[PDB]
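Structure first, then comments.
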Amino acid sequence: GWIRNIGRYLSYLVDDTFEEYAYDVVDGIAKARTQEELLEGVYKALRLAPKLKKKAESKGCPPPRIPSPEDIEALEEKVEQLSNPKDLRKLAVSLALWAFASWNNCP
Amino acid sequence: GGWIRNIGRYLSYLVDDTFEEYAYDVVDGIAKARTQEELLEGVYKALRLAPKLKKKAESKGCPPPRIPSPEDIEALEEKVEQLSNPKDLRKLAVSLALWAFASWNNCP
Amino acid sequence: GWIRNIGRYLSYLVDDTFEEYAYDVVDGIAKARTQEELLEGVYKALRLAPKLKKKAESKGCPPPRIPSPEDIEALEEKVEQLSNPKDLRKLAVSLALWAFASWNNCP
Amino acid sequence: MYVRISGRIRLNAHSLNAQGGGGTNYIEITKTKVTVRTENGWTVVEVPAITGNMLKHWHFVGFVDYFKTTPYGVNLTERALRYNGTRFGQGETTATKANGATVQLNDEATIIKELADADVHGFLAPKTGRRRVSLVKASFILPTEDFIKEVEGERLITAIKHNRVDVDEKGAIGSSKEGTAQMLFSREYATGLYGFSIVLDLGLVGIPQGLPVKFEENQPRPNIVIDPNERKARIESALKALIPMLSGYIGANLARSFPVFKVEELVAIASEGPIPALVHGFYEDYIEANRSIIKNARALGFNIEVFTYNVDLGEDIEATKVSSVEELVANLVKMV
Amino acid sequence: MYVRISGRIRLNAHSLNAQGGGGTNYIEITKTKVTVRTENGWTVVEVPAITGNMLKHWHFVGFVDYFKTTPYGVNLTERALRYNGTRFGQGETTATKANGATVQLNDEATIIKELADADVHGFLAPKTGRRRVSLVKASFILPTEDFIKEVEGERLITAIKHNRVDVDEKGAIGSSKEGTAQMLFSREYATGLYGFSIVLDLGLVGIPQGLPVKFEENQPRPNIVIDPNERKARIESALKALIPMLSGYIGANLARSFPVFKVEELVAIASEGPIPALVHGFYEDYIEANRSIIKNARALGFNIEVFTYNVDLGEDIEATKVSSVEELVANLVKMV
DNA sequence: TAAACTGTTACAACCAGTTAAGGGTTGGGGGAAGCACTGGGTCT
RNA sequence: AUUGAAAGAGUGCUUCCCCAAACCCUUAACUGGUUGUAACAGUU
């Protein structure tokens, strides 16, 4: 549902071509054992977003798509509602799992 | 529907020979996971150990290790989230662990 | 069908030439009232399979080979529709029986 | 004599009783299914568990440890000093003696007099067929149901890798072709509010099961084939064996786990006659049930003594609030 | 002699006992589930910790370091010199000795008498099947319960990156075709008010498990195989091996990390006879529980001495005040 | 008496190297595996 | 109400008891997010 868009952008960080890798942020947002470092890594990805946009519009690829704001606030409401570490860890891992998938971004 | 073959391919590439990188800790984590969170961490770690496989395949001339399709991840998320029963969750995790060991078309 | 190869590659655990004698795995596979535990047993068999291959190549006997993927596909597509426990027990006992047979391991 | 103990103990970071999953390196802790309602019916969930066989072994260890100090500790199995609970294994028609000799199996009374291990923890000799049910009953150390309610799972288990690093004489790690021993075995460590309960029927020590009573004049009289001092020493040693069972000594892989193993709450009852067994700490709420059981047993005419720790046990139930398990065993041995 | 030393330490930026990357640069450290109340039920939370295998191996390291200086350290395994944790890991036949001789895996008592490395930490010779339970049952390293309760967050783990920069003979960082050696990795560093509880059963070190006693004339003495002087030296060295543990010589990444340590509250019990083990430092009432168990054991009667590091503990206790750890073990070994 | 114009949002290398993923040891011992109760013929 | 009327394979039995998947086992080790770059130019 609301994991495709943000997961798509997460896979935009590391994929075919795109000669700039950032796995520390993915690892941080995956194993978010505490309430935070999750939004921290997501914000770090959003900060590299202009870098990805420039690289795409320059080298070989169509411009990347930023996750929709409704998706971001849906994620924020989901992480606010959960209290136990189980749901938080499950959400974090499901969020960061899409970063490694076969996406045909650059033709 | 579709996730079976691709998950088997990727997990075999992670576990099969001609790689000298035999990661069974991820397979054990995927297998022995009563709750869904640790199964998700195991499959995430397996997917994360993609660049090593790609680099090794490029270095030794092996065919590139195919990455599971996004629709496969979709189906994984749906069946993990929609099945709160630990029984079916354990069944799916052990099925993935079984598909971790398969003699597919390896390097020629 | 697809019973010959799985039985051959499962009988290596209890075979005499391998001095580990994983009787427990075959015991768990044999009398399994539910699919998940027999699946766990065959997973343990596949997990011990690299050890059997290593000891076979160290001794000199031909190494065992991983079961063919089509065998796993058949097992997965047959295990889903085990609505009645009787067929599940039949499959588990058949696998256990084919885990106890003579094979040409060390010529 | 007969003493039943139960309670709730909080455990963490323990790989106690790990099966290993066969010959594989992934050592997994014992897990057993339990029923927890979770307000949606008594669903079955797999939870880490501790076998009562391990409790029997550790009670054996404590018993031999506290019988070593006793002046009459000579009458023990050779394997008792070995910390080996194997009594009359395969093809054993004799008993190993700590003095350096052998004991012939002729009567259960002789076995229990010469060997206190078969007397307390029982024995089984296939060659002779002699049987003796143990006076120590051990239950599985299971997490509290209310604990499962308040944690809703979370797998209760952490997986830790334990790479065994080996360096050759030259100084090379090796690739298994130089005889080196490098290895990755993974272990599972659990936690939670486990529940414990042990029954100790110290009424047959020195009394063979073949004829526990002689009925000299149609009266009840235990057939104590040993001297009363030896029986009292056995009582004291077996009762003091509970101290390591509750302080720090329990489970397997104690050399590398050694959990906190503190007593959150404890109840125990002692009497000279048969008494109902205590309820386990697995259940979400058993304090009221224990209070009712104790008050009804006292009203029935049972002269039982109850010792509690961190449990109020109501008001009209009389019980000395002990401060630790050692005080509990002191009260258990104070009346001789 | 049996000595049990528990207490609390403070850790800051430690990567001790990592789980390992397993191919990933994010080096996992060991985590454990722990139960806390937080006034809403004792839920389980994942917290950084290190296994008792860490403490056991570092006790072995201190063991070999102290035998490197004692005059009776000649009888040591050549593997033990290089801090090699393996003790008969592979199914070998003749074990190499640092002196220049070899050890055959027969007559376990002879190995106990001659070899000193496998006397307190045990051995599991797999070919001959000769096993020996160790006598250092090291515990885990977990924080304070009220600490986690009052923080309700603030993950005790931080991720810090590092890089191995390449410079070559031409002064460049090789990308793919002139040397792909430049490498980065993310390491996890932890903090917190951790606790430990090291139990040390030195009372039967040098005593083979097969025949701990002989009882030739019903006498209470162990079956010693070595001269008392060497045994006492081994006991002293093993107990002094705990000195580097409580100063910052434990854990993994000891070179790069070197965790910071402190002495805040330590309770130590020491006696020749069997005594209950204390509680691993995890809770708030551990001091009260230790005081209760000590007073109750004294009521039972034990030649047990207690050493306290500036802790309130309580009254009517003859425990002796201590100021550091090396002087503590010196006071422990003050009698021979 | 006026209220920042603007180029710029890090590049680049790299994203675990290796070594082993149980070693060993044992795979039910040992007793018994219905105890009577109910008899069907052929003769006197 | 019938080759059917009356009709106990039934009555007691702890597959039992004893038994630590147990024991030894630092993803360990080495490895800097490193290096260069004026918030700068100019302003009544």
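Note on naming: chains are A, B, ... as they come in the structure tokens, residues start from 1 per chain, ligands start from 1 in the order shown.
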Sorted per-residue table, chain A near chain F, closest atoms and distance, 9 Å, only C-alpha atoms (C1' of nucleotides), as CSV:
residue,atom,partner,partner_atom,distance
A:21,CA,F:15,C1',7.2
A:22,CA,F:15,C1',7.5
A:23,CA,F:15,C1',6.5
A:24,CA,F:15,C1',8.3
A:47,CA,F:9,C1',8.6
A:50,CA,F:9,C1',7.9
A:51,CA,F:9,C1',8.4
Taking only C-alpha atoms into account, which residues of chain B are within 9 Å of chain A, as a ChimeraX atom specification? /B:35-38,40-41,43-45,47-48,50,66-70,73-74,77
Given the selection you just returned, output its residues as a file containing N, CA and C atoms, formatted as a PDB file, in the first residue's frame.
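As written to disk, selection06.pdb reads:
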ATOM      1  N   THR B  35       8.174 -15.394  15.282  1.00  0.00           N
ATOM      2  CA  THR B  35       7.523 -14.139  14.943  1.00  0.00           C
ATOM      3  C   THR B  35       8.015 -13.646  13.587  1.00  0.00           C
ATOM      4  N   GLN B  36       7.231 -12.749  12.990  1.00  0.00           N
ATOM      5  CA  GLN B  36       7.508 -12.283  11.637  1.00  0.00           C
ATOM      6  C   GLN B  36       8.675 -11.311  11.569  1.00  0.00           C
ATOM      7  N   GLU B  37       8.984 -10.614  12.665  1.00  0.00           N
ATOM      8  CA  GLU B  37      10.027  -9.597  12.613  1.00  0.00           C
ATOM      9  C   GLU B  37      11.381 -10.207  12.265  1.00  0.00           C
ATOM     10  N   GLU B  38      11.725 -11.345  12.873  1.00  0.00           N
ATOM     11  CA  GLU B  38      13.040 -11.929  12.630  1.00  0.00           C
ATOM     12  C   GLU B  38      13.113 -12.585  11.257  1.00  0.00           C
ATOM     13  N   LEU B  40      11.605 -11.276   8.685  1.00  0.00           N
ATOM     14  CA  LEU B  40      11.845 -10.111   7.844  1.00  0.00           C
ATOM     15  C   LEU B  40      13.297  -9.654   7.921  1.00  0.00           C
ATOM     16  N   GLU B  41      13.890  -9.649   9.119  1.00  0.00           N
ATOM     17  CA  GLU B  41      15.305  -9.285   9.221  1.00  0.00           C
ATOM     18  C   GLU B  41      16.186 -10.263   8.454  1.00  0.00           C
ATOM     19  N   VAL B  43      15.387 -12.181   5.787  1.00  0.00           N
ATOM     20  CA  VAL B  43      15.257 -11.992   4.344  1.00  0.00           C
ATOM     21  C   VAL B  43      15.871 -10.661   3.917  1.00  0.00           C
ATOM     22  N   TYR B  44      15.782  -9.630   4.765  1.00  0.00           N
ATOM     23  CA  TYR B  44      16.419  -8.357   4.449  1.00  0.00           C
ATOM     24  C   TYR B  44      17.933  -8.498   4.384  1.00  0.00           C
ATOM     25  N   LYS B  45      18.525  -9.241   5.320  1.00  0.00           N
ATOM     26  CA  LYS B  45      19.968  -9.462   5.288  1.00  0.00           C
ATOM     27  C   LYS B  45      20.372 -10.262   4.055  1.00  0.00           C
ATOM     28  N   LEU B  47      18.830 -10.253   1.161  1.00  0.00           N
ATOM     29  CA  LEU B  47      18.777  -9.303   0.053  1.00  0.00           C
ATOM     30  C   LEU B  47      19.931  -8.310   0.102  1.00  0.00           C
ATOM     31  N   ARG B  48      20.355  -7.921   1.306  1.00  0.00           N
ATOM     32  CA  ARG B  48      21.465  -6.988   1.448  1.00  0.00           C
ATOM     33  C   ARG B  48      22.773  -7.585   0.952  1.00  0.00           C
ATOM     34  N   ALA B  50      23.556  -8.789  -1.577  1.00  0.00           N
ATOM     35  CA  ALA B  50      23.523  -8.806  -3.038  1.00  0.00           C
ATOM     36  C   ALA B  50      24.802  -8.265  -3.684  1.00  0.00           C
ATOM     37  N   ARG B  66      20.633 -12.964 -10.136  1.00  0.00           N
ATOM     38  CA  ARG B  66      19.370 -12.271 -10.333  1.00  0.00           C
ATOM     39  C   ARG B  66      18.751 -11.887  -8.994  1.00  0.00           C
ATOM     40  N   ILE B  67      18.114 -10.721  -8.966  1.00  0.00           N
ATOM     41  CA  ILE B  67      17.497 -10.186  -7.756  1.00  0.00           C
ATOM     42  C   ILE B  67      15.993 -10.423  -7.850  1.00  0.00           C
ATOM     43  N   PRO B  68      15.329 -10.835  -6.768  1.00  0.00           N
ATOM     44  CA  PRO B  68      13.891 -11.121  -6.848  1.00  0.00           C
ATOM     45  C   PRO B  68      13.083  -9.911  -7.297  1.00  0.00           C
ATOM     46  N   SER B  69      12.027 -10.191  -8.057  1.00  0.00           N
ATOM     47  CA  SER B  69      11.216  -9.144  -8.654  1.00  0.00           C
ATOM     48  C   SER B  69      10.469  -8.358  -7.576  1.00  0.00           C
ATOM     49  N   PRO B  70      10.161  -7.083  -7.838  1.00  0.00           N
ATOM     50  CA  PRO B  70       9.381  -6.305  -6.864  1.00  0.00           C
ATOM     51  C   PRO B  70       8.020  -6.902  -6.550  1.00  0.00           C
ATOM     52  N   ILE B  73       8.412  -9.255  -3.717  1.00  0.00           N
ATOM     53  CA  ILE B  73       8.426  -8.545  -2.441  1.00  0.00           C
ATOM     54  C   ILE B  73       7.016  -8.132  -2.046  1.00  0.00           C
ATOM     55  N   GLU B  74       6.216  -7.697  -3.023  1.00  0.00           N
ATOM     56  CA  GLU B  74       4.820  -7.369  -2.754  1.00  0.00           C
ATOM     57  C   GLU B  74       4.092  -8.557  -2.143  1.00  0.00           C
ATOM     58  N   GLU B  77       5.200  -9.298   1.404  1.00  0.00           N
ATOM     59  CA  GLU B  77       4.631  -8.376   2.381  1.00  0.00           C
ATOM     60  C   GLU B  77       3.163  -8.685   2.643  1.00  0.00           C
TER      61      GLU B  77
END
For chain E, report every residue with an atom at most 12 Å from chain A (counting only C-alpha atoms), formatted as a PyMOL selection string. chain E and resi 21+24-29+31-33+40-48+151-162+184-188
Keeping only C-alpha atoms, write those residues as a CSV table (one decimal), in the first residue's frame.
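As written to disk, selection-v9.csv reads:
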chain,number,residue,atom,x,y,z
E,21,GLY,CA,28.8,-8.2,9.9
E,24,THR,CA,27.8,-6.6,5.9
E,25,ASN,CA,29.8,-3.5,7.0
E,26,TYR,CA,27.3,-2.8,9.7
E,27,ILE,CA,29.0,-4.9,12.3
E,28,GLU,CA,26.1,-6.3,14.5
E,29,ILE,CA,26.9,-6.4,18.2
E,31,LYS,CA,21.7,-8.0,21.7
E,32,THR,CA,19.5,-9.6,24.4
E,33,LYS,CA,15.9,-9.3,25.4
E,40,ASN,CA,2.9,-0.7,32.3
E,41,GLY,CA,3.9,-4.3,32.5
E,42,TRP,CA,7.3,-6.0,32.4
E,43,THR,CA,7.7,-5.8,28.6
E,44,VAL,CA,10.8,-7.2,26.9
E,45,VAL,CA,13.2,-4.7,25.2
E,46,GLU,CA,16.3,-5.4,23.1
E,47,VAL,CA,19.5,-4.1,24.7
E,48,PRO,CA,23.2,-4.4,23.9
E,151,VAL,CA,15.2,6.1,30.1
E,152,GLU,CA,12.2,4.5,28.2
E,153,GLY,CA,14.4,4.8,25.1
E,154,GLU,CA,17.7,6.4,24.2
E,155,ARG,CA,19.1,3.3,22.5
E,156,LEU,CA,22.4,2.3,24.1
E,157,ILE,CA,23.9,1.6,20.7
E,158,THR,CA,25.4,4.2,18.3
E,159,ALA,CA,26.6,3.5,14.7
E,160,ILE,CA,30.0,5.0,13.8
E,161,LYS,CA,31.6,4.7,10.4
E,162,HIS,CA,35.3,4.1,9.6
E,184,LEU,CA,34.6,1.2,4.9
E,185,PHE,CA,32.6,-0.3,7.7
E,186,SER,CA,30.1,0.8,10.3
E,187,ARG,CA,30.7,-0.4,13.9
E,188,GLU,CA,28.2,-0.4,16.8
Identify all residues of stretch 3-241 of chain D in strand (DSSP E or B) (DSSP on the backbone) and supply them as a PyMOL selection string. chain D and resi 3-14+18+26-27+29+31-36+43-48+77+94-97+102-104+123-124+131-132+136-138+142-143+157-161+164+183+186-201+213+222
Which residue gives the smallest distance to chain B among G:27, G:43, G:11, G:34, with only C-alpha atoms (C1' of nucleotides) counted?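 That would be G:27, the residue with the smallest distance to chain B.
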Nearby residues (only C-alpha atoms (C1' of nucleotides)) at most 9 Å from stretch 87-97 of chain E, same-chain spacing under 2 positions excluded, as a PyMOL selection string: (chain D and resi 164+166+169+179-183) or (chain E and resi 75-80+84-85+99-105+115+117-118+121-128) or (chain F and resi 23-24) or (chain G and resi 24-25)
Rows by chain and residue number, chain B within 10 Å of chain F, shortest pair, only C-alpha atoms (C1' of nucleotides), as a tab-separated table:
residue	atom	partner	partner_atom	distance
B:20	CA	F:18	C1'	9.6
B:21	CA	F:18	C1'	9.6
B:22	CA	F:21	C1'	7.8
B:23	CA	F:21	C1'	7.7
B:24	CA	F:21	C1'	6.2
B:25	CA	F:21	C1'	7.6
B:51	CA	F:15	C1'	8.1
B:52	CA	F:16	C1'	8.9
Per DSSP on the backbone, what are the helix (DSSP H, G or I) residues of stretch 149-244 of chain E, as a count of residues only? 19
